[PDB]
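Here's data.txt, which has compact mmCIF, C-alpha atoms and all ligand atoms:
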```txt
# COMPACT_ATOMS: atom_id res chain seq x y z
CA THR A 4 110.79 45.52 197.96
CA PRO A 5 109.02 47.42 195.02
CA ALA A 6 105.97 45.48 193.80
CA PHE A 7 106.71 46.25 190.16
CA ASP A 8 110.32 47.24 189.54
CA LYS A 9 110.04 48.14 185.95
CA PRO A 10 109.25 51.34 184.03
CA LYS A 11 105.65 52.69 184.41
CA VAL A 12 103.37 55.28 182.94
CA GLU A 13 101.05 57.52 184.97
CA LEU A 14 98.07 59.31 183.71
CA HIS A 15 96.24 60.61 186.83
CA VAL A 16 98.11 62.78 189.33
CA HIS A 17 97.41 66.37 190.40
CA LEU A 18 100.36 68.73 190.61
CA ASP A 19 98.72 70.55 193.61
CA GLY A 20 98.41 67.41 195.44
CA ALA A 21 102.07 66.34 194.77
CA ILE A 22 104.18 69.04 196.54
CA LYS A 23 107.10 68.33 198.91
CA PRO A 24 106.32 69.32 202.49
CA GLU A 25 109.81 70.76 202.49
CA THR A 26 108.95 73.20 199.76
CA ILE A 27 105.68 74.20 201.38
CA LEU A 28 107.72 74.99 204.51
CA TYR A 29 110.19 76.91 202.60
CA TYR A 30 107.80 79.34 200.91
CA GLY A 31 105.55 79.39 203.95
CA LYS A 32 108.44 80.46 206.09
CA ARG A 33 109.92 82.70 203.40
CA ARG A 34 106.55 84.48 202.71
CA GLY A 35 105.06 84.66 206.09
CA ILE A 36 102.19 82.42 205.38
CA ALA A 37 101.86 80.18 208.51
CA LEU A 38 101.68 76.55 208.50
CA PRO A 39 100.13 74.19 211.02
CA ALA A 40 103.63 72.95 211.94
CA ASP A 41 107.20 73.75 211.45
CA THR A 42 109.23 70.84 210.40
CA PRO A 43 108.88 68.81 207.21
CA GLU A 44 107.93 65.68 209.03
CA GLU A 45 105.12 67.24 211.07
CA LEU A 46 103.46 69.01 208.16
CA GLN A 47 103.47 65.74 206.34
CA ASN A 48 101.53 63.86 208.94
CA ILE A 49 99.14 66.87 209.47
CA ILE A 50 98.22 67.26 205.68
CA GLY A 51 98.52 63.61 205.19
CA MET A 52 95.75 61.24 205.86
CA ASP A 53 95.04 57.72 206.93
CA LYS A 54 91.34 57.54 207.26
CA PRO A 55 88.38 58.46 205.25
CA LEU A 56 87.21 61.94 205.99
CA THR A 57 84.53 64.28 205.35
CA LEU A 58 84.67 66.23 202.17
CA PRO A 59 84.97 69.56 204.15
CA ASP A 60 87.88 68.07 206.10
CA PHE A 61 89.56 66.92 202.85
CA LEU A 62 89.23 70.25 201.10
CA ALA A 63 90.55 72.16 204.12
CA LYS A 64 93.91 70.52 203.56
CA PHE A 65 94.40 72.72 200.49
CA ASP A 66 94.13 75.83 202.89
CA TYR A 67 96.97 74.75 205.08
CA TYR A 68 99.09 74.45 202.18
CA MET A 69 98.07 76.22 199.01
CA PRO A 70 98.56 79.89 200.11
CA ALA A 71 102.24 79.07 200.58
CA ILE A 72 102.68 78.46 196.81
CA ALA A 73 99.85 80.17 194.99
CA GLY A 74 100.73 83.59 193.84
CA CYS A 75 104.48 83.03 194.06
CA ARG A 76 106.27 82.70 190.71
CA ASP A 77 109.43 80.97 192.19
CA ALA A 78 107.40 78.31 193.83
CA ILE A 79 105.02 77.57 190.99
CA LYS A 80 108.04 76.85 188.78
CA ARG A 81 109.62 74.95 191.59
CA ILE A 82 106.79 72.58 192.33
CA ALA A 83 106.70 71.62 188.66
CA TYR A 84 110.51 70.79 188.52
CA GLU A 85 110.29 68.96 191.79
CA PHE A 86 107.32 66.97 190.60
CA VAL A 87 109.34 65.49 187.75
CA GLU A 88 112.14 64.61 190.10
CA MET A 89 109.59 62.68 192.17
CA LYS A 90 108.31 60.69 189.26
CA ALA A 91 111.91 59.67 188.42
CA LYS A 92 112.37 57.95 191.69
CA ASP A 93 109.16 56.01 191.14
CA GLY A 94 110.41 54.58 187.89
CA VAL A 95 108.00 56.37 185.56
CA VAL A 96 109.02 57.03 181.92
CA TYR A 97 105.87 59.09 180.89
CA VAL A 98 103.42 60.96 183.07
CA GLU A 99 100.51 63.40 182.42
CA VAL A 100 100.17 65.88 185.32
CA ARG A 101 97.11 67.94 185.90
CA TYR A 102 96.17 71.03 187.79
CA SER A 103 93.87 74.09 187.70
CA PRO A 104 95.78 77.12 186.83
CA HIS A 105 93.20 79.50 188.18
CA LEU A 106 93.89 77.98 191.58
CA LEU A 107 97.61 79.10 191.70
CA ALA A 108 96.65 82.55 190.45
CA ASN A 109 96.17 85.71 192.51
CA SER A 110 95.27 88.09 189.70
CA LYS A 111 92.66 88.35 186.89
CA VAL A 112 90.76 85.50 188.63
CA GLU A 113 87.33 85.91 190.37
CA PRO A 114 86.88 84.86 193.00
CA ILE A 115 90.53 84.93 194.01
CA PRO A 116 91.36 81.55 195.58
CA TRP A 117 92.35 80.62 199.13
CA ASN A 118 91.60 84.08 200.49
CA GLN A 119 94.66 85.54 198.82
CA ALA A 120 95.09 89.13 198.49
CA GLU A 121 95.35 90.45 194.99
CA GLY A 122 98.66 90.17 193.50
CA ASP A 123 99.87 90.11 189.90
CA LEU A 124 100.18 86.51 188.90
CA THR A 125 97.71 85.51 186.24
CA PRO A 126 96.30 82.08 185.21
CA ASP A 127 97.98 82.36 181.81
CA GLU A 128 101.37 83.06 183.56
CA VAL A 129 100.77 80.22 185.83
CA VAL A 130 100.61 77.86 182.82
CA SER A 131 104.05 79.01 181.42
CA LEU A 132 105.75 78.83 184.75
CA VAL A 133 104.51 75.25 185.15
CA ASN A 134 105.52 74.50 181.51
CA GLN A 135 109.10 75.67 182.26
CA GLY A 136 109.41 73.77 185.48
CA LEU A 137 108.07 70.60 183.69
CA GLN A 138 110.33 70.93 180.59
CA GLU A 139 113.57 71.75 182.50
CA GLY A 140 112.55 68.74 184.81
CA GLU A 141 112.18 66.44 181.75
CA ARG A 142 115.58 67.31 180.40
CA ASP A 143 117.31 66.71 183.77
CA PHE A 144 115.54 63.64 185.10
CA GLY A 145 114.80 61.70 182.02
CA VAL A 146 110.94 61.56 182.28
CA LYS A 147 108.73 62.38 179.48
CA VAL A 148 106.02 64.83 180.79
CA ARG A 149 102.89 66.44 179.55
CA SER A 150 100.22 68.35 181.30
CA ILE A 151 96.41 68.66 181.45
CA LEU A 152 94.51 71.73 182.71
CA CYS A 153 91.40 71.30 184.83
CA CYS A 154 88.14 73.20 184.73
CA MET A 155 86.45 73.10 188.24
CA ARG A 156 82.86 71.76 188.64
CA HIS A 157 81.70 74.75 190.79
CA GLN A 158 83.15 77.36 188.57
CA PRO A 159 81.97 77.04 184.92
CA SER A 160 82.82 80.55 184.23
CA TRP A 161 86.60 79.68 184.20
CA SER A 162 86.16 76.94 181.64
CA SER A 163 86.48 78.73 178.42
CA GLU A 164 89.75 80.23 179.82
CA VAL A 165 90.78 76.61 180.37
CA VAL A 166 90.25 75.41 176.90
CA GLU A 167 91.77 78.61 175.44
CA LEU A 168 94.80 77.98 177.57
CA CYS A 169 95.09 74.36 176.33
CA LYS A 170 95.01 75.61 172.72
CA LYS A 171 97.48 78.48 173.43
CA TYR A 172 100.09 76.21 175.14
CA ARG A 173 99.40 73.02 173.10
CA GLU A 174 102.10 70.20 173.16
CA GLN A 175 104.24 72.81 175.15
CA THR A 176 103.36 70.78 177.31
CA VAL A 177 99.53 70.84 177.47
CA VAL A 178 97.79 68.11 175.75
CA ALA A 179 94.29 67.90 177.32
CA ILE A 180 91.49 69.30 179.46
CA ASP A 181 89.93 67.80 182.53
CA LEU A 182 87.03 68.48 184.80
CA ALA A 183 87.83 68.26 188.45
CA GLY A 184 86.18 69.05 191.95
CA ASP A 185 82.92 68.10 193.46
CA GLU A 186 81.26 65.70 191.12
CA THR A 187 78.12 65.56 193.28
CA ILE A 188 77.02 69.18 192.45
CA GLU A 189 73.64 68.71 190.88
CA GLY A 190 73.68 69.25 187.14
CA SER A 191 77.37 70.23 187.17
CA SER A 192 78.28 68.15 184.13
CA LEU A 193 75.84 70.01 182.04
CA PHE A 194 76.56 73.57 183.12
CA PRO A 195 76.69 75.37 179.79
CA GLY A 196 80.15 76.81 180.71
CA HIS A 197 81.62 73.35 180.97
CA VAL A 198 79.60 71.95 177.94
CA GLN A 199 80.75 74.58 175.57
CA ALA A 200 84.43 74.21 176.78
CA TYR A 201 84.41 70.64 175.98
CA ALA A 202 82.61 71.26 172.49
CA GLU A 203 85.50 73.83 171.79
CA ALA A 204 87.86 71.12 172.72
CA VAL A 205 86.38 68.76 170.20
CA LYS A 206 86.41 71.51 167.57
CA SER A 207 90.08 72.42 168.34
CA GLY A 208 91.49 68.95 168.65
CA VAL A 209 92.21 68.98 172.34
CA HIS A 210 91.99 65.58 174.21
CA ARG A 211 89.50 65.31 176.99
CA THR A 212 89.37 63.45 180.28
CA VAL A 213 86.78 64.05 183.11
CA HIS A 214 86.54 62.97 186.66
CA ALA A 215 83.30 60.91 186.93
CA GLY A 216 81.86 58.04 188.90
CA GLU A 217 84.48 58.26 191.69
CA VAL A 218 81.73 59.17 194.03
CA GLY A 219 78.93 60.09 191.68
CA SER A 220 76.29 57.92 190.24
CA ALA A 221 76.81 56.31 187.00
CA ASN A 222 74.55 58.99 185.35
CA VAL A 223 77.51 61.24 185.92
CA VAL A 224 79.70 59.04 183.92
CA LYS A 225 77.05 58.76 181.18
CA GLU A 226 76.97 62.62 181.01
CA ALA A 227 80.77 62.76 180.67
CA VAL A 228 80.76 60.20 177.74
CA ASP A 229 77.60 61.34 175.86
CA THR A 230 77.59 65.04 176.39
CA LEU A 231 81.16 66.17 177.23
CA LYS A 232 82.38 63.54 174.71
CA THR A 233 85.18 62.49 177.13
CA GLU A 234 88.02 60.16 175.89
CA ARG A 235 89.04 58.69 179.29
CA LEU A 236 87.51 58.61 182.80
CA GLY A 237 89.10 59.78 186.08
CA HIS A 238 88.16 56.68 188.33
CA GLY A 239 84.89 55.71 186.69
CA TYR A 240 84.15 53.15 189.35
CA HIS A 241 80.32 53.69 189.63
CA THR A 242 80.13 52.77 186.03
CA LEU A 243 79.57 49.23 187.35
CA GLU A 244 76.10 50.21 188.61
CA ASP A 245 74.78 50.58 185.05
CA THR A 246 75.21 47.35 183.20
CA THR A 247 74.50 48.52 179.70
CA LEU A 248 76.79 51.60 179.98
CA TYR A 249 79.59 49.31 181.43
CA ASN A 250 79.14 46.97 178.62
CA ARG A 251 79.24 49.71 176.00
CA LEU A 252 82.34 51.35 177.58
CA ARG A 253 84.19 47.98 177.45
CA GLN A 254 83.10 47.75 173.94
CA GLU A 255 84.66 50.87 172.84
CA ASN A 256 87.62 50.28 174.91
CA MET A 257 87.26 53.30 177.18
CA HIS A 258 90.29 53.92 179.46
CA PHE A 259 89.70 54.17 183.18
CA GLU A 260 92.24 56.12 185.33
CA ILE A 261 92.20 54.10 188.44
CA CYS A 262 93.56 55.34 191.77
CA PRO A 263 93.29 52.50 194.46
CA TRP A 264 94.92 53.95 197.45
CA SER A 265 93.17 57.33 196.97
CA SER A 266 89.87 55.26 196.55
CA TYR A 267 90.19 53.63 199.98
CA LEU A 268 91.40 56.80 201.60
CA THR A 269 88.67 58.99 200.39
CA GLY A 270 85.73 56.85 201.19
CA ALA A 271 85.16 56.20 197.59
CA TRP A 272 85.80 52.53 198.25
CA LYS A 273 84.44 50.59 201.23
CA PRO A 274 86.97 48.10 202.58
CA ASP A 275 84.21 45.36 202.94
CA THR A 276 83.55 45.01 199.28
CA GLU A 277 85.45 43.97 196.18
CA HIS A 278 87.43 46.85 194.81
CA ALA A 279 86.23 47.88 191.37
CA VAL A 280 89.74 47.30 189.92
CA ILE A 281 89.51 43.65 190.41
CA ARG A 282 86.36 43.54 188.32
CA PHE A 283 88.17 45.57 185.76
CA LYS A 284 91.19 43.16 185.88
CA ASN A 285 88.99 40.16 185.39
CA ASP A 286 87.00 41.74 182.57
CA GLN A 287 90.16 42.79 180.87
CA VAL A 288 89.14 46.41 180.86
CA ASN A 289 91.54 49.28 179.62
CA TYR A 290 92.78 50.92 182.86
CA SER A 291 95.83 52.41 184.52
CA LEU A 292 97.08 52.65 188.07
CA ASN A 293 97.76 56.06 189.49
CA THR A 294 98.50 58.05 192.65
CA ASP A 295 96.00 61.09 192.44
CA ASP A 296 97.45 63.17 195.38
CA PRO A 297 100.79 61.74 196.82
CA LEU A 298 101.09 64.64 199.36
CA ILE A 299 97.58 63.96 200.82
CA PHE A 300 97.77 60.31 200.72
CA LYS A 301 101.48 60.01 201.98
CA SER A 302 102.09 57.70 199.05
CA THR A 303 104.27 57.26 196.02
CA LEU A 304 103.38 55.17 193.01
CA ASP A 305 104.56 51.94 194.61
CA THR A 306 101.89 52.31 197.24
CA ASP A 307 99.24 51.74 194.67
CA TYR A 308 101.03 48.84 193.20
CA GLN A 309 101.78 47.31 196.63
CA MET A 310 98.09 47.48 197.48
CA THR A 311 96.93 45.69 194.48
CA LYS A 312 99.76 43.04 194.52
CA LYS A 313 99.31 42.46 198.23
CA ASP A 314 95.84 42.89 198.95
CA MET A 315 94.29 41.70 195.64
CA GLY A 316 96.41 39.11 193.84
CA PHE A 317 97.66 41.29 190.99
CA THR A 318 100.45 39.76 188.97
CA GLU A 319 103.47 41.06 187.07
CA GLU A 320 101.72 40.20 183.95
CA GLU A 321 98.77 42.31 184.89
CA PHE A 322 101.09 45.18 185.70
CA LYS A 323 102.72 45.01 182.31
CA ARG A 324 99.22 44.86 180.62
CA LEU A 325 97.91 47.88 182.41
CA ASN A 326 100.94 50.04 181.60
CA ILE A 327 100.85 49.11 178.09
CA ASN A 328 97.02 50.15 178.06
CA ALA A 329 98.10 53.42 179.67
CA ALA A 330 100.58 54.22 176.97
CA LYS A 331 98.10 53.28 174.37
CA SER A 332 95.47 55.54 175.94
CA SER A 333 97.85 58.58 176.51
CA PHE A 334 97.22 61.92 174.88
CA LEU A 335 100.53 62.12 172.95
CA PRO A 336 100.86 62.49 169.17
CA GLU A 337 100.57 59.08 167.50
CA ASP A 338 104.19 59.01 166.53
CA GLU A 339 105.24 59.67 170.07
CA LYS A 340 102.86 57.18 171.44
CA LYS A 341 104.30 54.41 169.38
CA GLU A 342 107.85 55.44 170.51
CA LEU A 343 106.57 55.02 174.08
CA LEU A 344 105.10 51.72 173.32
CA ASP A 345 108.49 50.47 171.91
CA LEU A 346 110.30 51.61 175.03
CA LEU A 347 107.91 49.57 177.17
CA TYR A 348 107.74 46.51 174.98
CA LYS A 349 111.51 46.24 175.05
CA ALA A 350 111.75 46.86 178.87
CA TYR A 351 109.05 44.30 179.34
CA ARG A 352 110.74 41.40 177.72
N1 LIG A 401 91.69 64.72 194.44
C1 LIG A 401 91.14 65.80 193.92
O1 LIG A 401 89.90 65.82 193.74
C2 LIG A 401 91.98 66.97 193.67
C3 LIG A 401 91.55 68.12 193.15
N2 LIG A 401 92.73 68.93 193.03
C4 LIG A 401 92.76 70.37 192.68
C5 LIG A 401 92.81 70.55 191.14
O2 LIG A 401 93.90 69.63 190.84
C6 LIG A 401 91.64 71.23 193.27
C7 LIG A 401 91.52 71.04 194.81
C8 LIG A 401 90.55 72.01 195.48
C9 LIG A 401 90.34 71.91 196.84
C10 LIG A 401 89.48 72.77 197.50
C11 LIG A 401 88.75 73.73 196.77
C12 LIG A 401 88.92 73.85 195.38
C13 LIG A 401 89.86 72.98 194.78
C14 LIG A 401 93.76 68.23 193.45
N3 LIG A 401 93.40 67.06 193.85
ZN ZN A 402 91.93 63.31 190.53
```
Can you give me the file's structure in the form of structure tokens?
Ligand SMILES: NC(=O)c1cn([C@@H](CO)CCc2ccccc2)cn1
Ligand SMILES: [Zn+2]
Amino acid sequence: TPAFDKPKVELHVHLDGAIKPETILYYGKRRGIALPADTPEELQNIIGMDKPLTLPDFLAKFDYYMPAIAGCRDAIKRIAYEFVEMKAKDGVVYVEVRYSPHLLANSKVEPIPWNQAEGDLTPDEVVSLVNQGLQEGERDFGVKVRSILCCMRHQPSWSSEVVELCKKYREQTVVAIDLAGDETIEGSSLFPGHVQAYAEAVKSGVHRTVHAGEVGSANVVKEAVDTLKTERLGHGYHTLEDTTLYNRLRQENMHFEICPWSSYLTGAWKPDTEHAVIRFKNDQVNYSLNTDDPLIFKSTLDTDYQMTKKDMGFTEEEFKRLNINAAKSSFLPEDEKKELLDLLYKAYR
């Protein structure tokens, strides 16, 4: 049944949106937090979704569940180990996972997220507990794994902590910075907090990705390329509404992190119109296929590939192409990158 039963590479998936309902339950239960439901299966279809939603409704999902893990050392390391296990069963050989460390913290973080009380788990500790879970995961499951830390659009005052964290934990396992949250906040790409984080990133040799054009206008993409100096785009789909920027981004071979099932579920994509990934396929653009938030979308990687095979004509050949563009556009050291590419070229013939 899998649409593409071969190794893949995944560059766009959020750790906080890729937790096992069973673990949420565990810590919830064990901590007295208080879930909407008390068996694995019920939680899942409560946090899960199958229609487009408001934005408020989407964000509220992270309340149900986040307080159960945030602030808890055990569970922070556990989600990270368990993530890698999950990517094994989808057949991935290399994945970059991303998350905001402030958002699992309950100490030396203002405001404190999710209405937590103040404990003693810091953002910097959060990054080493995820590093541990990810590295012990890699060694047991056979997936090569790096991470990316996210600044958050609405909170530019965390962002220099972000980059400083990327440089502090670099290749152990953090290899890049991202910018995540509400891309429609006016001006948010240019808040000086985020600008100067991404200029430190250029000056320190940290890779950069940014979510832009998933639901913002193409001017948001243009700000991520020209001012934050991004190297890849999260989604990038409204890039098509600006012909000259589209044409220039194909020209320099910009990588687009595409997330098709997520894009229908969130509204980003209207069912009555060509999906932007078909335009990309036909134009030969550099893009990847990715899950975003498997927990919210009740998906695994094969969901994305079954959508595009089924409902869009995608062939094995295209599949192979796109994973090879992923590996080529990953944020690994060049020696490691070429090692990856060898693994896939061999598997693919
Ligand atoms: N799909 C997404 O946009 C997304 C964002 N996150 C995290 C960072 O990885 C933040 C989610 C969040 C929700 C509500 C308030 C603040 C942050 C996870 N998935
Ligand atoms: Zn995302």
Within 7 Å of ligand LIG 401 (chain A): each chain A residue with its shortest pair, only C-alpha atoms and all ligand atoms, as CSV:
```
residue,atom,partner,partner_atom,distance
A:17,CA,A:LIG401,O2,4.8
A:18,CA,A:LIG401,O2,6.5
A:19,CA,A:LIG401,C14,5.5
A:20,CA,A:LIG401,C14,5.1
A:62,CA,A:LIG401,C10,4.4
A:63,CA,A:LIG401,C10,6.7
A:65,CA,A:LIG401,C9,5.5
A:101,CA,A:LIG401,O2,6.1
A:102,CA,A:LIG401,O2,4.1
A:103,CA,A:LIG401,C5,5.0
A:153,CA,A:LIG401,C5,6.5
A:183,CA,A:LIG401,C3,6.0
A:184,CA,A:LIG401,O1,5.2
A:295,CA,A:LIG401,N1,6.0
A:296,CA,A:LIG401,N3,5.8
```
*asked:* If I take atom CA of residue A:38 and atom CA of residue A:61, how far is one from the other in Å, to one decimal?
replied: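 Rounded to one decimal, the two atoms are 16.5 Å apart.
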*Out of A:311, A:293, A:48, A:176, which residue has the shortest atom-to-atom distance to ligand ZN 402 (chain A) when counting all atoms listed in the file?*
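Ranking A:311, A:293, A:48, A:176 by distance to ligand ZN 402 (chain A), first place goes to A:293.
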*In Å, rounded to a single decimal, give me how far atom CA of residue A:111 is from atom CA of residue A:125.*
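Distance reported for this atom pair: 5.8 Å.
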_Nearest residue to residue A:243 out of A:319, A:286, A:53, A:338, using only C-alpha atoms?_
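Distance minimum relative to residue A:243 lands on A:286.
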Give me the stretch 219-309 of chain A side of the contact with stretch 44-47 of chain A, cut-off 9 Å, one line per residue showing its nearest atom pair and distance in Å at one decimal, counting only C-alpha atoms, sorted by chain and residue number, as a tab-separated table.
```
residue	atom	partner	partner_atom	distance
A:298	CA	A:47	CA	7.5
A:299	CA	A:47	CA	8.3
A:301	CA	A:47	CA	7.5
```
*atom CA of residue A:69 and atom CA of residue A:27, how far apart in Å?*
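Pair atom CA of residue A:27 / atom CA of residue A:69 returns 8.2 Å.
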_Set the distance at 6 Å and use all atoms listed in the file: which residues neighbour stretch 142-148 of chain A once local chain neighbours fewer than 2 positions away are removed? I'd like the list as number ranges by chain._
A: 96-99, 139-140
*Proximity to residue A:237 - best of A:314, A:167, A:217, A:320, only C-alpha atoms*: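 Comparing A:314, A:167, A:217, A:320 against residue A:237, the winner is A:217.
Closest approach to ligand ZN 402 (chain A) among A:41, A:260, A:13, A:234 is made by A:260 (distances from all atoms listed in the file).
Remark: for residue A:223, the closest of the candidate residues A:270, A:239, A:136, A:31 is A:239 (distances computed over all atoms listed in the file).
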*For residue A:261, please output as a PyMOL selection string all residues within 10 Å (counting all atoms listed in the file; exclusion window: fewer than 4 positions along the same chain).*
chain A and resi 14-15+217+236-240+265-266+279-280+283+290-295+307
*If you count only C-alpha atoms, which residues fall within 12 Å of residue A:173, apart from same-chain ones fewer than 5 positions away, as JSON, numbers by chain?*
{"A": [130, 131, 134, 149, 150, 151, 152, 165, 166, 167, 168, 178, 179, 180, 204, 207, 208, 209, 210, 334, 335, 336]}
*Pick the closest to ligand ZN 402 (chain A) from A:348, A:259, A:172, A:317: which is it, counting only C-alpha atoms and all ligand atoms?*
A:259
*Determine, counting only C-alpha atoms, which protein, DNA and RNA residues have an atom within 9 Å of an atom of residue A:73; residues of the same chain fewer than 3 positions away are not included. Present the result as an MDAnalysis selection string.*
chainID A and resid 69:70 76 78:79 106:109 116:117 119 124
*asked:* Given the point (99.0, 74.5, 205.2) in the file's coordinates, find the residues that have an atom at most 6 Å from it, counting all atoms listed in the file, and give them as number ranges by chain.
replied: A: 38-39, 66-68
Please produce a file of those selected residues containing C-alpha atoms, as a PDB file, keeping the file's coordinate frame.
```
ATOM      1  CA  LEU A  38     101.680  76.550 208.500  1.00  0.00           C
ATOM      2  CA  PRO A  39     100.130  74.190 211.020  1.00  0.00           C
ATOM      3  CA  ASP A  66      94.130  75.830 202.890  1.00  0.00           C
ATOM      4  CA  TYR A  67      96.970  74.750 205.080  1.00  0.00           C
ATOM      5  CA  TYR A  68      99.090  74.450 202.180  1.00  0.00           C
TER       6      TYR A  68
END
```
